[PDB]
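Chains as they are written, first to last, in PDB author numbering: chain E, 164 to 518; chain B, 436 to 773.
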């Protein structure tokens with residue numbers, strides 16, 4: 164289960180896309196379909212989404228209810244409707260589509276009509292229009308690193324976009340381990356305004372997940388190789404590096420309800436929750452979801468019925484099983500003065516880093 | 436003391452440590468106010484009153500230094516990581532109070548060296564379990580997401596190698612002959628042994644890969660396009676291995692080191708090969724639909740139109756050889772007839 168997404172209206176439906184990231188380990192003519200599960204009945208998927216090729220990443224769109232957009236292994240971009248499922252209504256042109264498997268697929272919420280930005284392994288980043296796929300993506304950007312006269316194209320494995328950050332700033336994580344921010348401009352097609360960890364922040368392994376806490380937009384944590392790091396908006400180096408971990412961390416996401424605690428899922432099948440409110444030095448707790456490696460972790464936002472924000476977390480195993488874990492009420496519920504304490508500690512850490 | 440006030444470590448526990456540091460900075464200012472007032476004095480050689488003040492001031496500096504040693508020791512234990520502890524040392528690099536703080540630093544250096552021993556052992560133990568899976572190309576392998584398996588092993592080795600050597604540059608920075616310490620020397624021997632094993636594995640991969648690249652060159656030269664089954668459903672016969680070899684070369688450029696020999700021409704046309712395959716794929720899908728989706732009554736009614744296309748594409752399949760591609764013209768005639 165390469166990517167897991169949550170229903171925008173509430174945590175009642177989860178969309179999971181299945182594909183094999185191993186190079187040439189996928190059997191010829193293997194099944195390439197996406198199933199959207201329902202919390203009420205877990206025996207089988209409520210609806211089935213059929214695509215020409217396996218979809219690496221599928222995410223829900225808040226702007227249009229029950230609309231799912233995914234990136235195929237071939238690099239084709241497809242859109243499905245949650246209510247009817249079946250075949251995909253919108254498919255991008257193959258040749259004009261970016262080469263290699265899609266790495267990340269996200270929906271830009273700052274538009275009258277939903278738009279999707281796709282970052283993948285060809286070292287390019289493209290912005291697409293759902294209403295008018297037309298002749299390829301509207302904007303094409305190659306992730307050159309180091310500027311100057313030395314240009315090397317490095318594939319981007321992570322794309323981070325937030326409403327608080329706005330449409331102006333896009334966060335991208337390269338295969339080399341550096342993070343590049345691209346700012347869309349009416350005047351010039353694309354600008355790589357900031358390079359993150361060019362010298363001291365380079366990750367040993369390619370960055371897989373880049374996320375920013377919902378409570379504070381300025382602080383965003385990138386999970387790369389053994390240990391995920393947290394960087395401030397204007398500092399090239401990471402503000403805080405947390406320990407080291409067994410195997411590698413496939414995906415780490417901030418808790419929407421509480422800024423202080425962020426969850427990282429390792430490739431050893433163990434998920435560990437890091438809470439900075441109580442102890443910065445050690446993991447709050449470690450849980451083994453399954454023997455199989457955890458490919459990705461998604462945390463629900465907003466909510467309805469008996470489920471509050473951050474109560475349910477969905478983690479996708481390498482085996483293909485998807486498990487929803489109900490977090491403890493104390494962990495999800497904001498603790499007294501958590502927002503004030505985290506801001507003071509983060510600002511203090513940022514000041515120490517500047518010195 | 437002025438430098439100490441500016442320091443903002445912001446590591447592990449916060450504010451309470453800063454408040455203690457702020458009081459220590461104030462404590463130094465209070466001593467300056469006593470000494471700072473300097474009634475009479477003015478460093479007179481004849482006056483011995485200043486010397487008495489110096490001794491009182493000497494005790495105050497020692498009290499300030501003693502508090503700094505305690506706070507510094509607590510912070511080092513709190514970080515719990517070699518990188519985190521090292522960062523704290525850089526902040527206080529100019530704040531060491533000579534011998535008072537220096538004695539505490541020696542105790543800190545052995546603890547930091549011990550931590551690197553655990554990381555080296557953990558990397559090595561992880562490496563051995565990971566190495567067996569990578570060689571057999573087993574599922575849930577160390578290589579991240581999807582990448583060429585032979586190319587990925589070299590990239591994976593580099594990530595492990597980078598983690599091991601990040602501390603060594605920082606370690607060489609430490610003064611007071613920490614190198615002389617036998618414990619430090621033992622850790623260095625362990626690090627050298629781990630690096631040598633990784634290179635051999637990389638050399639086997641690159642060595643074995645080099646031989647595979649020579650075999651792969653032949654596959655591109657003699658694949659062509661092959662039609663299979665009773666129905667003439669022509670499909671690209673480009674060896675799936677070629678795709679891995681071409682994608683394999685791009686990863687090597689990202690990891691630098693030494694590029695393959697004679698794989699450049701393939702990498703030179705790598706962009707062209709991708710464009711040609713997409714164009715070739717579209718006509719093949721179009722050419723198969725007419726071949727097998729045609730109605731039974733339709734084919735008999737106009738056999739000549741379908742047969743001419745087959746005769747037209749019959750030479751094209753024979754023509755196929757990645758050695759020289761004239762598919763743009765081949766494509767224009769084939770797409771228009773298809």
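Backbone N, C-alpha and C fix where the C-beta goes; we use that ideal spot for every residue, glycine too.
- With respect to chain E, the C-beta atom of residue 598(B) has a partner C-beta closer than 8 Å.
- Using a C-beta cut-off of 8 Å, the region 258 to 267 of chain E makes no contact with the region 188 to 206 of chain E, since fewer than three inter-stretch Cβ pairs fall below that distance.
- For residue 455(E), at least one C-beta of chain B is nearer than 8 Å to its own C-beta.
- Proximity of chain B to residue 481(E) at the Cβ level (cut-off 8 Å) is accounted for by 574 and 575, in chain order.
- With a threshold of 8 Å between beta carbons, residue 367(E) makes contact with chain B.
- Here residue 707(B) carries a helix assignment [DSSP, helix/strand/coil].
- Judged by beta-carbon spacing, residue 164(E) lies within the 8 Å limit of residue 458(E), meaning their Cβ atoms are closer than that value.
- The C-alpha of residue 665(B) is placed about 20 Å away from the C-alpha of residue 732(B).
- Residue-level contact by beta carbon fails for residue 632(B) and chain E, as no gap is shorter than 8 Å.
- Of all residues in the region 257 to 281 of chain E, only 257, 258, 262 and 264 place a beta-carbon less than 7 Å from a beta-carbon of chain B.
- Residue 383(E) carries a strand assignment under DSSP once its states are collapsed to helix, strand and coil.
- Taking 8 Å as the cut-off, the beta carbon of residue 495(E) is found closer than this to the beta carbon of residue 473(E).
- Between residue 680(B) and residue 648(B) a beta carbon distance of about 6 Å is seen, short of the 8 Å cut, so the two are scored as contacting.
- Contact between residue 283(E) and residue 336(E) is ruled out by a C-beta separation of about 12 Å, above the 8 Å threshold.
- Shown in chain order are the members of the region 178 to 190 of chain E whose Cβ falls below 8 Å from a Cβ of chain B: 183, 184, 185, 186, 187 and 188.
- Pairing residue 555(B) with residue 496(B) gives a Cβ-Cβ distance that is not under 8 Å.
- In the DSSP annotation of this structure, the continuous segment of the alpha helix (DSSP H) that includes residue 607(B) starts and ends at 584 to 608.
- Of all residues in the region 310 to 325 of chain E, only 315, 317 and 320 place a beta-carbon less than 8 Å from a beta-carbon of chain B.
- For the pair of segments examined, the region 172 to 189 of chain E was found to touch the region 209 to 229 of chain E: the number of CB pairs separated by less than 8 Å reaches three.
- Between residue 213(E) and residue 249(E), the gap from beta carbon to beta carbon is short of 8 Å.
- Counting the other Cβ atoms within 10 Å of the Cβ of residue 378(E) gives 16 or more, which makes it buried.
- With its beta carbon at least 8 Å from every one in chain B, residue 434(E) lies outside the interface.
- A Cβ of chain E is located within less than 8 Å of the beta carbon of residue 714(B).
- Counting the other CB atoms within 10 Å of its CB gives residue 312(E) a total below 16, which places it among the exposed residues.
- With its beta carbon at least 8 Å from every one in chain E, residue 771(B) lies outside the interface.
- Here the C-alpha atom of residue 691(B) lies approximately 30 Å from the C-alpha atom of residue 516(B).
- At the C-beta level, residue 518(E) and residue 437(B) stay beyond 8 Å of one another.
- At least one CB of chain E lies nearer than 8 Å to the CB of residue 442(B).
- In the three-state reduction of the DSSP assignment, residue 714(B) falls in the helix class.
- With contacts defined as CB atoms closer than 8 Å, residue 511(E) and residue 510(B) fail to qualify as a contacting pair.
- Neighbourhood of residue 519(B) in chain E, by CB distance below 8 Å: 404, in chain order.
- For residue 772(B), the three-state secondary structure derived from DSSP is helix.
- In the DSSP assignment, the residues bridged to residue 180(E) are 166(E) and 197(E).
- One Cα belongs to residue 498(E), the other to residue 405(E), and the distance between them is close to 22 Å.
- Between the alpha carbons of residue 747(B) and residue 662(B) lies a distance of about 15 Å.
- Runs of alpha helix (DSSP H) with 4 or more residues, each lying fully within the region 495 to 550 of chain B, are found at 517 to 526, listed in chain order.
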